[PDB]
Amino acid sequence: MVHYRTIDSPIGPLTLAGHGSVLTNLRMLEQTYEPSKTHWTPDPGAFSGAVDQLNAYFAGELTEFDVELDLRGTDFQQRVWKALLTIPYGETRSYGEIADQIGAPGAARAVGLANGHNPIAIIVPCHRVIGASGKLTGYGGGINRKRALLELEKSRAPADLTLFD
């Protein structure tokens, strides 16, 4: 089957779901309709690796995840999500840049639609893609969550203070 675990976070309760140690879902699920969850098993100790990295991430002590994923969705979606995974912590891309990278120049709007279906938030960093006008998107408080994640990554202090001496 599929089990799940919900943890606290500065952007609200994050639900992690998947089989065994493999993540299939990561979403701030509250005040949204999510029918699959009814057929999920609660497991308060699942994905302990992932949960540690997420806590480390929010504390500014992590910038790269080592978490096994299983992304399910259409071919075009897989191409988009794979490309999201190449966007480093603290950087952003435009939808037009992602469309070029996946081999579909001009598909900025398709990238935006596919981006909104990302099953694994934060770790697959859909929040790092923004249109030219600079406007964040996402219903259900989604804009505010993205913005939080963005401000968090922009606040990154230099790693080695000894480089200043």
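Numbering starts at 1 and follows the sequence shown.
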Next on the checklist: Please compare 130 to 138 with 112 to 120 and say which has the higher mean C-alpha temperature factor in the record.
Outcome noted: 130 to 138
Checklist entry - Comparing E64 with the other modelled residues of its chain, is its CA B-factor in the lowest, middle or highest third? => result middle
Next on the checklist: Split into thirds by Cα B-factor across the chain's modelled residues, where does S9 land: lowest, middle or highest?
Outcome noted: middle
Checklist entry - Based on the entry's values, in what third of the chain does the Cα temperature factor of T38 lie: lowest, middle or highest? => result highest
Checklist outcome for this item: Of the three thirds of the chain ranked by Cα temperature factor, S21 occupies the highest
Checklist entry - Would the CA B-factor of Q31 place it in the lowest, middle or highest third of its chain? => result middle
